[PDB]
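Peer 1: Take this sequence and fold it.
(chains A, B, C, D, E and F)
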Amino acid sequence: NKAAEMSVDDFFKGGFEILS
Amino acid sequence: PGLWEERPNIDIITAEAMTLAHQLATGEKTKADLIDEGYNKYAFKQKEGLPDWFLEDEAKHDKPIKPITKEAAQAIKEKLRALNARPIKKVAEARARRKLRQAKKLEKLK
Amino acid sequence: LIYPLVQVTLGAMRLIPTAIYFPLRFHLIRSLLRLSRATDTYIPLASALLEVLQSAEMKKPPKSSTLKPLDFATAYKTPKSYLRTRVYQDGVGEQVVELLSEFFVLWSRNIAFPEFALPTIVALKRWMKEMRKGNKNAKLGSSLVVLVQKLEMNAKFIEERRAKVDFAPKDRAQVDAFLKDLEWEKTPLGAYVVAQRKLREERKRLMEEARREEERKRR
Amino acid sequence: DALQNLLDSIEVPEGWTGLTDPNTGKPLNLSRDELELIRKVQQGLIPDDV
Amino acid sequence: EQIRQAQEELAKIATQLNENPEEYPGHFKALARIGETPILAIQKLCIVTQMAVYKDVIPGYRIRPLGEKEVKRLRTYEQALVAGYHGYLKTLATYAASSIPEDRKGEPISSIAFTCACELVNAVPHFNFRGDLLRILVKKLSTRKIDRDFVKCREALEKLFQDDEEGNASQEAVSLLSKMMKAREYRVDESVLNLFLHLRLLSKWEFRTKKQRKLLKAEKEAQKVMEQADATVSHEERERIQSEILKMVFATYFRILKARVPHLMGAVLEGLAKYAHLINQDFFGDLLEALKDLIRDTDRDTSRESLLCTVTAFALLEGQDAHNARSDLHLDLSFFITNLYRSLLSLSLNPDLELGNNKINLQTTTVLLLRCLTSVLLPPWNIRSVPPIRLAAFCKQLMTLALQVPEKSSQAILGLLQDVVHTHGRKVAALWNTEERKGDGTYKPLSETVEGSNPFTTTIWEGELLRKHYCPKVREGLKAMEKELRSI
RNA sequence: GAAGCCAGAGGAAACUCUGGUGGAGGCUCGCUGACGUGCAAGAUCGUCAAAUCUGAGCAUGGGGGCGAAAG
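Peer 2: Residues are numbered from 1 along each chain as shown, chains lettered A, B, ... in the order given. See the structure here:
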């Protein structure tokens, strides 16, 4: 579950969580 | 809209050539030998300007006979083995087939 | 509001991690250590400090020269003269040892210090081996040996007082108390850090008053 | 190297004979001159030069 | 203008060949002559018109060089076709090798020729000089400049590979590609490598007279025996073509691995993981030891390479046929498990972790680590048979890593450990309930082997820092971990 | 006793019902074992026989192990 849906590569883009 | 490209390669495929190659590799007969029994009755025979039917009839009926070795035969078999010759799937289904064959033999015995 | 600040600080320190620009990273890490001491927010900086160590400048032997030690409170950049200079070597080692000391004394009490220092200790030991297989920088060698010794001692201290701490998943009273009744000079790292702070302050006094006498003599 | 073993197993070298040299434990490969002798004996056209 | 005269001539020629091809055999040359004009617009239109006729006129088969009335008509027609088509391919090659830049007046002659080449590739592969056409294609996709023509040729070859059911076109293309890679010394843009992944082959009462009826029976039995023979022959030839193509593909892969080209390792490993189940057994074992030697060489960038090799080995073992082959083929992943366990600490300290349909070639080292951890702890097969010692050791090591590793990756690690606790549970509850701590030894952190490090003689005390980490995501992830530990 | 077709009644149509005509069915009447899969501690799914009756003529395949088959 969590393992796969965070092992997808697109999860680590790097967008600063202030520009939401 | 708006209508990298830039001597013959010798390949041994025959059991007789593999046997002779083993004979060179192991210290049984040397270069001087190989020339010496090269000078035989099949030597100095014309092959250049001959018709294909003549040449093929001599090829089929005039193959010299030499001993072959089990090592050379196995070497040719290993060389000519295909890369997809023994997949896991094929060998597993072969085992399944033979196990089924013994099961059927037992039930026929029953 | 801490999350965006630490995010942008890490981004700033990892933008272009170069030997010329160690001190900007260094000042940012000092700022983050101040923030960590004030708040109760864990900020991983061991990766940054260990990268500073595992930079390129630290491997090759230094360059013997005679130039002035950097004032790492007024530098945004490293002068082109200071490239392989043993003086730059000594400086950067000094404040690397510093920032490591404040970080590991900052988290010197929690029940997991043992674990928290394991990677750092093994990395430092790998470096002592690799650099006595590198340069000839014995002052930094000795300082890192002392630091890793203190880290191991403090790790052994917490585990000694850990043994009997019932941490059942539905009962965390003892772990929420651990050593509420201790102060950060009792731990071996606390003692080492306060001693190093005293030494840093006396050297600060030496050089400040010194430069004052040279100014007066020139006048 | 295991990669080299895989490579020459996939495409066997020219002089591969399946034997091992007793002098040096590596497998024994025929030379270009030895392959020329193999050709000369197998076809019989030119037993010796000149 | 002269362009209008050419318009009329080309239209007349094309329509004449569409309507009555045999009666007009010389237009194939006439068309080359009308294309010989120096006007660029006429050249472009001649090239596209030639593309159109040569497309519709080429027979569903190849013809023989004659050498040595209707039959002579057909003979002449056919010979003119081949000669004209050969001329067409030569013209396309010259135009494509010509310089792309001119004044901006639409798509250049080079781009139009490349489009024509792609259309011919996808339309009539079976006909002669497929080799020359594919040589044009490879001469384009051997340059290391991503361009629109590059991508167009790319999907052209991709569609050829995914639609070729016979195999000769695939064999010629893979031979050309492998020769090009070897000649260019493996300086390609990894798309030509993914083509090898994109191969397919590696995966009303009509009255009839008495004479008419007997003859029809004759063709009936003749066609029956021919269908049986064709089935057998097609099976054998498909197998042989597969063998040749697999030989070339694996030779390329292993030469790339031996040369250690950094930017192709992911694609090469993906291909190996995809096709090792198509290659023999002994080669499967040899490939496992090849991966082992790659890991050892990296031991003596490096983190990413090691993680790629580990992922490939584990995926190959999770292959179904390999999974059943397991014991008989003597495939032990103990080396890979131990290497991952030992490298966890250095990976935790590595600051390059987050600097970045597919299964192997993943650009992020954290993602590779997550895949390795999923393989070791949550496997597709025998999920509830994993050694509890292995589970507990990896849980402790991953908690330490997540303590010492950046925010988003740490969130991923917490999610993976939450999944591990969900799946196993009772096996690892002792790692957090201190009343069940074993006292048959002491925990050895800097161990050498997973069983050597006593995992159940310790307690996961890290939470006391990861609940005060700066990131709400990891904080709530740890909260979820404790929640499900509690709801065990 | 199914498709197909016809008529009446509702539904915009698609349809639904009724009454029929029709007479196709791996539909009825007369006097289990053997394995395989399993990814667990065994579930489910698949495969193999039981193969119109009968006069006069006619042909073929046969054991075992090895092996991917070719042998």
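
Peer 1: Now the element after the longest strand along chain D, going C-ward?
Peer 2: Of all the segments assigned as strand in chain D under DSSP state E, the longest by residue count is strand D:16-20. Of the helices and strands lying after strand D:16-20 in sequence (DSSP states H and E), the nearest is strand D:27-29.

Peer 1: ok now that next one, how far from the chain's centre?
Peer 2: Between the mean C-alpha point of strand D:27-29 and the mean C-alpha point of its chain there is a distance of 7 Å (C-alpha atoms, centre = their mean, to the nearest Å).

Peer 1: How is residue E:456 assigned, secondary-structure-wise?
Peer 2: For residue E:456, the secondary structure call by DSSP: H, G, I helix; E, B strand; the rest coil comes out as coil.

Peer 1: Show the contacting residues for it.
Peer 2: Residue E:456 makes contact with E:388-389, E:392, E:430-431, E:437-438 under the criterion C-beta atoms under 8 Å, 6 or more residues apart in numbering or on different chains. Placement of C-beta: from N, CA and C, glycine included.

Peer 1: Name the nearest residue to it, sequence neighbours excluded.
Peer 2: Nearest-residue entry for residue E:456: residue E:438, 4.3 Å, with adjacent residues in sequence omitted and distances by C-beta to C-beta, 6 or more residues apart in numbering or on different chains.

Peer 1: Test my guess that that neighbour contacts residue E:455.
Peer 2: No. Using C-beta atoms under 8 Å, residue E:438 is not in contact with residue E:455; the gap is 9.1 Å.

Peer 1: More neighbours: these two, which one.
Peer 2: residue E:455 (24 against 12; other C-beta atoms under 10 Å in any protein chain shown).

Peer 1: Which neighbouring elements make contact with the helix or strand hosting residue C:129?
Peer 2: Following DSSP H and E, one finds residue C:129 within helix C:113-131. Taking 3 or more C-beta pairs under 8 Å, 6 or more residues apart in numbering or on different chains; DSSP states H and E as the contact definition, the neighbouring helices and strands of helix C:113-131 are helix C:46-53, helix C:86-106, helix C:138-160, helix E:334-349, helix E:388-403.

Peer 1: can you do 10 Å?
Peer 2: helix C:46-53, helix C:86-106, helix C:138-160, helix E:334-349, helix E:388-403, helix E:463-466 (3 or more C-beta pairs under 10 Å, 6 or more residues apart in numbering or on different chains; DSSP states H and E).

Peer 1: could you measure residue E:474 against residue C:58, distance?
Peer 2: Between residue E:474 and residue C:58 the distance, using C-beta to C-beta, to the nearest Å, works out to 31 Å.

Peer 1: Same check on residue B:96?
Peer 2: Counting by C-beta to C-beta, the separation of residue B:96 from residue C:58 is 62 Å.

Peer 1: Which of these two has more residues huddled nearby?
Peer 2: Using other C-beta under 10 Å, the more surrounded residue of residue B:96 and residue C:58 is residue C:58, with 20 against 10.

Peer 1: A helix includes the more buried one, no?
Peer 2: No. Counting by three-state DSSP, one finds residue C:58 to be coil, located in no helix.

Peer 1: Surely it and residue C:86 touch.
Peer 2: No. With contact taken as C-beta atoms under 10 Å, residue C:58 and residue C:86 are classed as non-touching, separated by 12.0 Å.

Peer 1: Chain A contacts on chain C?
Peer 2: Among all residues of chain C, those adjacent to chain A (criterion: C-beta under 10 Å from any C-beta of the partner chain) are C:1, C:3-5, C:7-8, C:11.

Peer 1: do that again at 6 Å, thanks
Peer 2: C:4, C:7 (C-beta under 6 Å from any C-beta of the partner chain).

Peer 1: By residue count, tell me the biggest helix in chain C.
Peer 2: Counting residues, the longest helix in chain C under DSSP state H turns out to be helix C:188-218.

Peer 1: any idea of the angle that one forms with helix C:86-106?
Peer 2: Relative orientation of helix C:188-218 with respect to helix C:86-106: 140 degrees, computed using axes from the mean of the first three to the mean of the last three C-alpha atoms, to 10 degrees.

Peer 1: just checking, what packs against helix C:188-218?
Peer 2: Identification of packing neighbours for helix C:188-218 by 3 or more C-beta pairs under 6 Å, 6 or more residues apart in numbering or on different chains; DSSP states H and E yields helix C:86-106, helix C:138-160.

Peer 1: can you give me the angle that helix makes with helix C:138-160?
Peer 2: Using the same axes, to 10 degrees, helix C:188-218 lies at 150 degrees relative to helix C:138-160.

Peer 1: Sort out which residues of helix C:188-218 are buried, please.
Peer 2: Neighbour counts over helix C:188-218 (16 or more other C-beta atoms under 10 Å in any protein chain shown) mark C:188-193, C:196 as buried.

Peer 1: give me every residue that touches the residue nearest the centre of chain D.
Peer 2: The central residue of chain D, meaning the one whose C-alpha is nearest the mean C-alpha position (C-alpha atoms, centre = their mean), is residue D:15 at 1.7 Å. Neighbour list for residue D:15: D:29-30 [criterion: C-beta atoms under 6 Å, 6 or more residues apart in numbering or on different chains].

Peer 1: So what does it have for phi and psi?
Peer 2: phi -100, psi 20 (degrees, to the nearest 10).

Peer 1: Now do it against residue D:5, distance only.
Peer 2: If you go by C-beta to C-beta, the gap between residue D:15 and residue D:5 works out to 16 Å.

Peer 1: what about residue E:244, helix or strand, and which?
Peer 2: Using DSSP H and E, residue E:244 sits within helix E:210-259.
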